[PDB]
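>>> Take this sequence and fold it.
(one chain, ligands or ions: 1)
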Amino acid sequence: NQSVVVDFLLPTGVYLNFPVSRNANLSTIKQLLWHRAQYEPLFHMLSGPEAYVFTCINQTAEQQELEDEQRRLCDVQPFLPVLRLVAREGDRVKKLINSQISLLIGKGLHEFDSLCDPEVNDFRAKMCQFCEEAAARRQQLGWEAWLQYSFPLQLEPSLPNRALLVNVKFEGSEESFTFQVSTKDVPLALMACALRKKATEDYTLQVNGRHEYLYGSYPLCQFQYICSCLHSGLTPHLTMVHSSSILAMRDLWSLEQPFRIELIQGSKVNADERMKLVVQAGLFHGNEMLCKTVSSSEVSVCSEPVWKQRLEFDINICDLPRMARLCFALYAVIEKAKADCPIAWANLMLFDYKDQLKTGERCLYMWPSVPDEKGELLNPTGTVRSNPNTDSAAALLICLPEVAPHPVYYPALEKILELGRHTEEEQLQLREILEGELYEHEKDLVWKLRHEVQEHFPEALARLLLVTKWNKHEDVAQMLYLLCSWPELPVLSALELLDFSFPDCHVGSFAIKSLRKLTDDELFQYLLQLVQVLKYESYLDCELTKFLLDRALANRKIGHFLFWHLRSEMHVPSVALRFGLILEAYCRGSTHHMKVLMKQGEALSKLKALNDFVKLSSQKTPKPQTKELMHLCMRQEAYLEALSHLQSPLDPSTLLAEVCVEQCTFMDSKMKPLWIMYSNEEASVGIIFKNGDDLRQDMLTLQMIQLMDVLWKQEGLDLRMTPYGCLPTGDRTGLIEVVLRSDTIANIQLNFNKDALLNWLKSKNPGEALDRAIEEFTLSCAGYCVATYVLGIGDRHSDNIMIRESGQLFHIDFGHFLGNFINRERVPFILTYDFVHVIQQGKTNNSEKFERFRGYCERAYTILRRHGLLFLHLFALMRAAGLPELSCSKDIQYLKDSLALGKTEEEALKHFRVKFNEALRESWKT
Ligand SMILES: CC(=O)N1CCN(c2cccc(-c3cc(-c4ccnn4CC(F)(F)F)c4c(N)ncnn34)c2)C(=O)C1(C)C
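Residues are numbered from 1 along each chain as shown. Structure as follows:
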């Protein structure tokens, strides 16, 4: 039951075994131990209880020094119930941090040591040091840099002046100061005035019961809080927190012989014995084939097949680029006389992380080949890391041969740039071409006029890199010479060069260099794509990893979402290692945030266990019984402590304080998502814990709508959208924000009947408020009509459309996008009669209003077109995520067509109009 028998190992070699409760804190267990130890031999020899610390083997299989004795044995969760006393003394900082990391990332650091891979070890040393340094450096600076680091300003994208009554306050003081000020007032104006208002450049304003601070050179109206307060009517309640209170928070070449590879053996193969096994091999540079694909002989199907066969390639060693990858696929072929069975695949870098060409034997633990649309012999886009299941997985034994008495490395930049140095008819023939897939005759024209491309077409660098023959080192040196003198490209062009088709490390270096102009705000908008692109990297230490880490240590919000982006994929074998090494480095440099993410991951662990119970208890007792059988399981000391007082993983500046267990429920949906409510100690907020469904798809959809909202908001168009948070936290687990005062159009319609929504809106907006809500409906309708049409999100019914008490419409449960319904087809613009009605304020005909709504739809679509390449570039990088709905060229193509990307602005607007008008015509029929 509650109690558990614990083994205790005393430093005298004495052994005690007695029962204790699973909820007992370690401090309490130590006392029961000293009480029983006095009646066991060699007690006199022991030092005081406080002289010792408990040691245990945690879930992640490593020894853990259990320093915080306020932890319950249940929260410690040791492998077997074994505790060992050890002398406290040593570096009880690295011992403490290393342990917390292993728990937090859900992988023991020992797994990294076990590998005996220097690449892993060098990454760890360099990255942990860079981070540790940046953290130490962070600690040096004063309150202004720190408040900028931990609580970065949450501002509106960006106008009149208005009267604003603002309720000021002070630290500890329960005495308010309702002082009114100008909409365009700087922070000091709202500050020192209230300091002068109390008496008759120190401190900053803080939003009550939030980690949101008002500071810096900006007008009040430009701050999300003030801004939302103005719109929702409500008066902003600030607090003056002194500098003292903030500080308290603060504390050579030659080899002209061919490329040779010795396919020695295969291992643990699981194929039909009737068949024959073949190993197909190719050489690649990104997506491009570096030469013809050599194949092995057929050998009979067995577990350990032997080939001991030499494979030569139509590429001479000195021609192999830095990023050359050897790709393998094992096939089960029906011996020569209807489909060739793809067994497994494996990719390998021809050069190591230190520029040295790999020699000797290699045992490549292989990944299963997934049967798909692109049959493809090989998988060059696949990961270069070995299948971590070295245990039960198939493998291939290869041997790259020695080719010199001394090891050979790829040339240095100086020896590359050395070799690299050095008409009006064709000048037109370059303009016509540079105005995606260039034809081989056009390719050579671009390469010949490559200096003309650098001089007059710098934005066509991507086009130039793809025409380059990466299988001829002469051609590579030439390109690289121009690269090292190329003008800095805009963020938009740089985003394109992050994709798998640009594997050269010099390319990646240029791409990051141009991405260094990004404000924390715009960076946050691409963060998900940038994390995804790490899956296309060849080596652990790369420019993108370093960039992503620099940014995360410079901004806390970025660091937080970078943590969850990597954390939520710690289950995927392909990324576990890479992501794990980034998370350790991030943690080492963000020890403060480590404490927050620890609290969050803990509550998350409880919710998975709580949800798991409810899921089961649904297939037993009825819903109100389960509800009450959930409230007792929640009110357990440990459950309630873990679920209380934490920063929200969805928005770390939101303080989820006291759980309202009475208000906590679950949803009658498939995966039974938990409805968890909280109340404000100083400032309501709720979270939805869903486990079972993949949330990546929904987060990308929501991120894009938010991007659209920012792009629209930037050009003075506020379409009153609801960018509710959705965050994947783990394996088929995530959180979804609670939008209070909202209901699904199906539920609203069942409580005239054509006026069912208008009555609901009337019952939530009386008199003067009715006209406000319809403008909220009109504005949100347009935005979501345009959004869902552009993204190809179909199946838009009343169970997946929601209305807010303010009048704002918004979409939920985006199951599929890009025309997919399983089967991708062009989703038309959809005008719903029910909505068209509310827009017309109840009338049959009201073009006065309806045409204004037409304008919102039309300008929303027009703005999206202006940023069409952004969405294509972003979506093209998302192909690294491996979502079925976003796996190829035709998925990204959807966007080109939806946004009429090809067609002129006028040609696009007239087709949008035709589609709009027919959505209104077909609206009537439904
Ligand atoms: C108080 C209470 O116990 N309620 C009332 C809310 N409710 C309900 C109904 C219809 C839609 C949504 C719903 C779905 C989503 C939603 C948005 C995106 N995905 N989802 C569903 C998901 F959370 F499961 F993912 C959201 C949301 N973000 N905020 C508020 N309600 N809400 C909730 C309920 O079933 C119960 C559980 C009966």
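>>> The ligand contacts on the stretch 351-500 of the chain?
Within the stretch 351-500 of the chain, not a single residue sits near the ligand (C-beta under 6 Å from any ligand atom). The way it works is simple: take the backbone N, C-alpha and C, and place the C-beta from them, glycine included.
>>> can you map out the strands along the stretch 351-500 of the chain?
360-365, 367-368, 395-400 (DSSP state E, counting those that start in this stretch).
>>> What are the boundaries of the strands in the stretch 651-800 of the chain?
Per DSSP E, counting those that start in this stretch, the stretch 651-800 of the chain carries strands over the ranges 655-656, 658-659, 665-666, 674-679, 685-691, 726-730, 733-737, 742-744.
>>> I'd like these written out as TSV, with distance to the ligand and mean neighbour count added.
As requested, the strands of the stretch 651-800 of the chain are exported to TSV (distance: least, C-beta to the nearest ligand atom, whole Å; neighbours: other C-beta atoms under 10 Å):
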stretch	distance to the ligand	mean neighbour count
strand 655-656	15	22
strand 658-659	14	18
strand 665-666	4	20
strand 674-679	5	20
strand 685-691	4	22
strand 726-730	7	21
strand 733-737	4	23
strand 742-744	5	17
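>>> Turn those into CSV, including distance to residue 842.
Putting the strands of the stretch 651-800 of the chain into CSV (distance: least, C-beta to C-beta, whole Å) gives the following:
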stretch, distance to residue 842
strand 655-656, 41
strand 658-659, 43
strand 665-666, 35
strand 674-679, 34
strand 685-691, 33
strand 726-730, 35
strand 733-737, 32
strand 742-744, 20
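>>> returning to that earlier point: pick the most deeply packed of the strands of the stretch 351-500 of the chain.
Mean neighbour count (mean count of other C-beta atoms under 10 Å) peaks for strand 395-400 among the strands of the stretch 351-500 of the chain, with a mean of 21.
>>> now what about that one, what contacts it?
260-268, 279, 328, 330, 346, 348, 350, 357-366, 387 (C-beta atoms under 8 Å, 6 or more residues apart in numbering).
>>> Mind listing the strands it pairs with, and their directions?
Here strand 395-400 has these sheet partners by DSSP bridges: strand 258-267 (antiparallel), strand 360-365 (antiparallel).
>>> out of these, nearest to residue 118?
Counting by C-beta to C-beta, residue 118 lies closest to strand 360-365 out of the strands paired with strand 395-400; the figure is 14.9 Å.
>>> hey, C-alpha coordinates of the closest one in PDB?
Extracted in PDB, the C-alpha atoms of strand 360-365 (Å, rounded to 0.1, in the frame of the first residue of the first chain):
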ATOM      1  CA  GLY A 360      39.100   1.800 -41.200                       C
ATOM      2  CA  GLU A 361      36.200  -0.400 -40.400                       C
ATOM      3  CA  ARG A 362      32.700   1.000 -39.300                       C
ATOM      4  CA  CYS A 363      29.800  -0.900 -37.800                       C
ATOM      5  CA  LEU A 364      26.600   1.100 -38.900                       C
ATOM      6  CA  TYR A 365      23.500   0.200 -36.800                       C
END
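>>> Show the contacting residues for residue 468.
With C-beta under 8 Å, 6+ apart, residue 468 has these contacts: 447, 475-476, 478-479.
>>> check which helix or strand covers the closest residue to residue 107 other than its chain neighbours.
Closest residue to residue 107 in three dimensions, ignoring its sequence neighbours and counting by C-beta to C-beta, 6 or more residues apart in numbering: residue 580, at 4.9 Å. Using DSSP states H and E, residue 580 maps to helix 576-589.
>>> how close does the one residue sitting closest to the centre of the chain get to the ligand?
The chain has residue 565 as the residue nearest its centroid, 3.1 Å off, counting by C-alpha atoms, centre = their mean. Per C-beta to the nearest ligand atom, to the nearest Å, residue 565 is found 19 Å from the ligand.
>>> ok so, going back, any chance of the strands paired with strand 395-400 in JSON lines, with distance to residue 691 too?
Formatted as JSON lines, these follow (distance: least, C-beta to C-beta, whole Å):
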{"stretch": "strand 258-267", "distance to residue 691": "37"}
{"stretch": "strand 360-365", "distance to residue 691": "31"}
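>>> Of these, which is nearest residue 37?
Nearest of these to residue 37, taken as C-beta to C-beta: strand 360-365 at 48.6 Å.
>>> Give me the distance from the closest one to the chain's centre.
Relative to its chain's centre, strand 360-365 lies at 32 Å (C-alpha atoms, centre = their mean, to the nearest Å).
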